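Only this structure's heavy atoms are used, side chains among them; waters, hydrogens and symmetry mates stay out. All chains are named by letter (A, B, ...) in the order of the sequence lines, taking the proteins before the strands, and each is independently numbered beginning at 1.
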Amino acid sequence: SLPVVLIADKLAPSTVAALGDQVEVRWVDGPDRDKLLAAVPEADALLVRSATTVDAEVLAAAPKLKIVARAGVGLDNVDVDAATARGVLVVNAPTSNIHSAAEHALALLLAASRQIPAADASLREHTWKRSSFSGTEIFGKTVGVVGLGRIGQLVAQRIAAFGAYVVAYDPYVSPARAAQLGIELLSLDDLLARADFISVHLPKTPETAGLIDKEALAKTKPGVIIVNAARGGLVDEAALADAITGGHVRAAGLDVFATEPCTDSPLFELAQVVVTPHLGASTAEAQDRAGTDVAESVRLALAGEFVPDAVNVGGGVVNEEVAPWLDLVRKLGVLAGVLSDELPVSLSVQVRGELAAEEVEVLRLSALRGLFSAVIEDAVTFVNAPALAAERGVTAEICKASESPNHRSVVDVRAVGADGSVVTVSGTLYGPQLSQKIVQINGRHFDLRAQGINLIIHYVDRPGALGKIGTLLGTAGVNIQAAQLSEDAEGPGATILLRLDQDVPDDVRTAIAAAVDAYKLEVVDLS
Amino acid sequence: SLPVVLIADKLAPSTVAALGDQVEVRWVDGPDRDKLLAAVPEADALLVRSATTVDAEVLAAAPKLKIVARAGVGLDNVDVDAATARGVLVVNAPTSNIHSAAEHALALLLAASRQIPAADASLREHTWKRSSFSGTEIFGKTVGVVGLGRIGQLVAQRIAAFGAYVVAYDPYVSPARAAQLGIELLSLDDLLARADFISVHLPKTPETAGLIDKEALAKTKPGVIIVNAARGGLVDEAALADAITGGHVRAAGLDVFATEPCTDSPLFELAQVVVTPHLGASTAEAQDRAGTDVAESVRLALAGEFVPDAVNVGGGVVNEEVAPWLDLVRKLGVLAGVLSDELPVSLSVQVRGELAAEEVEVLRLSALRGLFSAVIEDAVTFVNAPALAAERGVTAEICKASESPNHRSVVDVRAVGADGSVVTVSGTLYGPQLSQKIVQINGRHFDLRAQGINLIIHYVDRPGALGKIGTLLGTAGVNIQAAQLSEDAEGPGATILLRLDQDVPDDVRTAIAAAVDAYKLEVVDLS
Amino acid sequence: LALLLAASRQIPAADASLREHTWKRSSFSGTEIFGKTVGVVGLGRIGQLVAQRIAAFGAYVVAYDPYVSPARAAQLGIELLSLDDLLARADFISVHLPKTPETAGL
Amino acid sequence: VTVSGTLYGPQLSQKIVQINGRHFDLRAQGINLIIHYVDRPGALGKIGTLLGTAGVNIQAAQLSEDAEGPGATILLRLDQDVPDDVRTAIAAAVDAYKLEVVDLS
């Protein structure tokens, strides 16, 4: 009895030939709800593009669904939580648009530097205004790449062949990886100061949103050309218009908008700003690749094989014993990354005690997901480790030990720095509810909920420090839910971790740092 | 017509079952020269242990030989040069003895700490001298591992479960790799000062020979127990005896001797020194593994597949266009390693110009072989990259570019540091003789033979520096064959590289460093 | 552990042959521990410590001690067995004071 | 006498790359001292010492050994000219077959 693969959006049979001859492939008009709901009961797999919405209704109606595959990068049209909730593997095609997007960033940079649209318009109005235009030459210039994921990397490679010097800002690429690319890693401030061109290649996360605001725009070089074909809003639209109009930034190119569909932007009134309706992946080659990618993911998944491009966890993929640990270990990765001075070159995950008897490779992926959350979009839960290692230069391993010193099971995440220094964070689960607990940081033991807004301070001025901190926080109106503090075993230092009911305003953070003479002050949300 | 695999030493059919049913396996008495020479003409592969000598005579007599496989680690009984000379792949079983050797190091450490042989002897002489003995407890002690290759790593893992703290000396393991192992990397001087136990796990290279001499022995902790089951002579035998007799080192264990067979060592007159006749790999399990390893290498090799455990280059393995580049690129790796402040985390090999059209992956291996020469034994030419990466923490990649700026072909080796700093060295070949030339170091261009003893100096005091250096060298009687020197483009520094006809005595090196205020002074042999 | 290794690699005999200035290398053949199954008879504290040191050699550990905490045993990496099953499966055996002294047998 | 040059890189920098079968890569600019002499221990030392003693700074230098012979050949780019008497002393100090100074601006 051949497995049924239901295609609910416009993917050609040829596009999806990677599926074997071992499946029955059917098509449905996905956007038509009645049709979809009638066709899906029999489906073992469902492929979709962007037009079909794979909500809970669809899922409830598909009792033998094993995979939802989105032929694209976004997951807006799929409820991944509901799919995980029902043991359905969700997959996308995460690298299918990279060349088309890189090429479009370059397209936009050149189109802005040489005013292609306006010039084309003048000739289109049957006049010859050659004398009016003045372009900007790329050769010899410095180009700032803000975000060095896959696409930012391709843009740097292409722009470098124009004879431009490439610098980048990305706290999430190792220095050795950047050096292998022949790219100079910079603070954002230094990139701003130095760059004649800026191309943004960040994901949208609240760490990222409106990164380049007016404050940032004012630090750039006069004459900068700035391109964003990444995510709407990374560059503050109104601040750009201001800077464009004022003359300070010569030109810009945008493919994405704070909200789209966008038809009313003031930027649309500015000639020196080239704009395209989110076309970065609007390419036959990218749409075909999205399809052949996802056709292979669906093959592997039906072959009981391992699915690299998986986005979540669904099925036998993970035991009931292990499953609750995924989220805890993700939080340990977040924590180890925050407590680290810079990006670790690797994570060692040690699994000890009873849990060590389980199959726990997924825990290695959780740690990495946590470490990299600032550059990962929420829907995704799994990330491709080999790709992460090759793209960003960071690896993870798992080690097991039969014995856990205190709790019946503990997981330790060791974040190791290029200089051989190590940051260690541990958690357990226990109890009828399996509450997640952080139980160690760097040789100090305690028992704190792995949840909420946590403030962590390493500091040097000790006496009355508890009072100073709690008094500043409480004057700011901030509740302190739980706390852990200890004076360092060796040295003048001390450390404290507090769970708060809200974030800490910057001025008050500055006040606290000043009050106890902090060398490290961080606020991390563990929810 | 089934391929013939000739076994010339004592390997059982079962040991070699990894060979398919697609081969004819025959046996011969290898040590019997007449038999061997009569049997080998028909052989496609030859497996050997240690008793058969595979010299040029054997090779000349075996016209269709494709592989010589040594079931073991050593290659003393095989002329690898002659085999390469005739296009014969040589293979060993490089990891077959690691567990037996680690276990034997531990065996020797315990046997020495608790005086097992002497005690066993007293009971063997039918007396009870319990009151006479006094052992040393490992728990809580610091153990110094000198050399952190595979075996030193296993010893550290086993000794750590005894509750010992582990430190190591190895300039050829990254700090991040050591930190992943939970091992503290130390200067040799600091290891000496700190260690209650010392286990040596170096290869024999002239970088290594007699490493632990009297000077070193005198820096150790009073009461040290020292074990060498690595290579004869790493610990100076007479200096040990002195230190043992004098009482400063309490006990030692040795499995290997400056020259063996060894029957007359003074150490044999010392009870507090446990000795074994090179037994580290004398185990059925290790001999069986050596065989099953090598049986698989021979399978892969006959299957036209890739042979990880290859020791040299033989056959189609490498084009005639590429072949001469192997040795040059090895020398670039040596050079990039010497010019580096510490071990690079990776090597980027850039191949540019005409050579870029060739298949050049082997060049990546050459670079690594060069970088690691101080811990690689001469016979080996190829090393296993994946194993090197996992064991020591260093990787290599190849990049091609159509264009070479000046020479028709150039290879650049970029040694990248964990901090993102980069050392670059380039060479070409050209001419009827294809002479090997070093043509660039860190953005400075020149044309110097890649051969002989080269002295390299980075220094800060510039005027008359050429005179100072050449005068010191020539007063020492040292001829200067060739030279390259330039004042840094930016900064107070300058650099010079000289080819000399001999090494530079330490005092004179000290004098030169002092004379020009050097910050880096190195002497490397590129022959 | 010292004795187990000395018996495995015939250390005392090997050392003696050198002391009488002979090179008897070809006379010796040891037993590798890695991957082997080690039986611990009795799990008083010293036995437990032995199990742990042994496991680091990559050996599987089984033990006989019907009064030890099963949970402690599993934390030590130990598979608990009847003595019959231990004798059947063991490549190495180390005998130890049991958890319940001294009704240990022979 | 044979002299060879090439141009390469983004600036197209002019390089002297050969004199009489010996290879170099030196900018075709400034004052350059060329010496062909008898390699003895001490020889490069004496050249350097005399130049330094005279206050003549060396910007770059490259020496190569002859393919077959007692000789060696060096090119030094200098920050100023070398007085006659100093050229003579240099020549004597090393039994030079040839010693010349050329402005390559």
Side-chain angles (χ1 to χ4, degrees), chain B residues 1-94 96-97 281 286-318 320 323 377-382, chain C residues 25-26:
Chain B
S1 185
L2 257 20
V4 185
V5 180
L6 221 206
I7 326 245
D9 286 325
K10 279 19 149 47
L11 292 73
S14 64
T15 296
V16 81
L19 304 171
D21 39 301
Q22 300 301 335
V23 291
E24 191 201 339
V25 193
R26 325 179 163 158
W27 279 259
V28 63
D29 193 33
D32 194 313
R33 291 301 291 192
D34 289 346
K35 302 272 195 291
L36 211 213
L37 270 12
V40 83
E42 297 200 323
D44 293 284
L46 179 65
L47 331 189
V48 100
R49 224 148 144 243
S50 56
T52 291
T53 98
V54 175
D55 45 30
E57 185 178 25
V58 175
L59 297 168
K64 50 209 290 262
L65 230 215
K66 296 188 255 297
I67 346 204
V68 176
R70 211 274 203 188
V73 183
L75 285 157
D76 272 303
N77 60 317
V78 181
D79 186 345
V80 185
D81 278 339
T84 306
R86 325 220 346 167
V88 174
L89 187 84
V90 174
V91 94
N92 60 3
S96 67
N97 70 349
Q287 296 308 294
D288 290 355
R289 196 141 53 233
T292 75
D293 280 356
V294 118
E296 179 76 8
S297 299
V298 170
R299 201 192 53 77
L300 304 169
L302 284 183
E305 209 154 313
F306 166 72
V307 183
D309 299 337
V311 157
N312 72 346
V313 160
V317 279
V318 174
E320 274 179 296
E377 281 153 35
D378 289 322
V380 198
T381 274
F382 165 121
Chain C
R25 174 173 179 189
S26 64

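- Evaluated for a side chain to side chain contact (heavy atoms under 4.5 Å, CB included) with B:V307, the options B:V90, B:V91, B:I67 yield exactly one hit, B:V91.
- Checked for salt-bridge contact, B:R86 and B:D79 miss the test: no charged N lies under 4.0 Å from a carboxylate O.
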**Item:** Test log, rule side-chain contact (heavy atoms from CB on, under 4.5 Å), inputs B:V28 and B:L6
**Value:** CA-CA 7 Å; B:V28 63; B:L6 221 206; 3.4 Å; yes
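- The backbone N or O of B:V4 sits less than 3.5 Å from a side-chain atom of B:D44, completing a donor-acceptor pair.
- Counted within 6.0 Å of NZ on B:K66, heavy atoms from surrounding residues, nucleotides or ligands total more than 12; the atom is thus considered enclosed.
- Using a distance-only test at 3.5 Å, with no hydrogens or angles considered, no donor-acceptor pair links the side chain of B:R299 to the main chain of B:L19.
- Between the side chain of B:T52 and the main chain of B:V48, no donor-acceptor pair closer than 3.5 Å is present.
- Atom CD of residue B:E57 and atom CG of residue B:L37 lie 4.5 Å apart, to the nearest 0.5 angstrom.
- Within 6.0 Å of atom CD in B:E42, 12 or fewer heavy atoms from other residues, nucleotides or ligands are found, so the atom counts as exposed in its surroundings.
- A donor atom on one side chain and an acceptor atom on the other are found under 3.5 Å apart for B:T84 and B:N312.
- Between B:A8 and B:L46, the shortest heavy-atom distance links the atoms CB-CD1, 4.0 Å.
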**Message:** Could you walk me through whether B:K10 and B:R49 satisfy the side-chain contact (heavy atoms from CB on, under 4.5 Å) test, starting with their C-alpha distance in whole Å, then the side-chain angles of each, then the deciding distance to 0.1 Å, before giving a yes or no?
**Reply:** CA-CA 7 Å; B:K10 279 19 149 47; B:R49 224 148 144 243; 3.8 Å; yes
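- Under a 3.5 Å cut-off, the side chain of B:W27 and the backbone N or O of B:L11 do form a donor-acceptor pair.
- Heavy atoms only, all atoms of each residue included: B:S297 and B:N92 are closest at OG-O, 4.5 Å.
- A 6.0 Å sphere centred on CG of B:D32 holds more than 12 heavy atoms belonging to other residues, nucleotides or ligands.
- With contacts defined as side-chain heavy-atom distances shorter than 4.5 Å, the pair B:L36/B:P31 does not qualify.
- Judged by distance alone, the side chain of B:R289 and the main-chain N or O of B:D293 form no donor-acceptor pair under 3.5 Å.
- A donor-acceptor pair is defined here as one N or O able to donate and one able to accept, closer than 3.5 Å; such a pair exists between the side chain of B:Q287 and the backbone of B:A281.
- The minimum heavy-atom distance linking B:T292 with B:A18 is given by the pair O-CB, 4.4 Å.
- Minimum heavy-atom separation, B:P41 to B:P63: O-CD, 3.6 Å.
- Within the 4.5 Å cutoff, the side chain of B:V298 has heavy atoms near those of the B:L47 side chain.
- Side-chain contact between B:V54 and B:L59 is present, with at least one heavy-atom pair separated by less than 4.5 Å.
- Nearest approach of B:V73 to B:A93, heavy atoms of both residues: CG2-O, 3.6 Å.
- Taking CG of B:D309 as the reference point, atom CG of B:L300 lies at 8.5 Å (rounded to 0.5 Å).
- Counting non-hydrogen atoms of other residues, nucleotides and ligands closer than 6.0 Å to NZ of B:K64 gives a total above 12.
- In terms of modelled atom types and a separation under 3.5 Å, the side chain of B:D76 and the main chain of B:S50 share no donor-acceptor contact.
- Of the inter-residue distances, the one linking B:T15 atom OG1 with B:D288 atom CG reads 4.5 Å to the nearest 0.5 angstrom.
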**Request:** In sequence, state the C-alpha distance, the side-chain angles, and the governing distance for B:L2 and B:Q22, and then conclude on side-chain contact (heavy atoms from CB on, under 4.5 Å).
**Result:** CA-CA 6 Å; B:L2 257 20; B:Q22 300 301 335; 4.2 Å; yes
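- Note that the CG atom of B:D81 and the OG1 atom of B:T381 stand 7.5 Å from one another [nearest 0.5 Å].
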**Derivation of the side-chain hydrogen bond (donor to acceptor under 3.5 Å, both in side chains) call for B:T53 and B:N77** = CA-CA 5 Å; B:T53 98; B:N77 60 317; over 6 Å; no
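- The nearest pair of heavy atoms linking B:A69 to B:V294 is CB-CG2, 3.8 Å.
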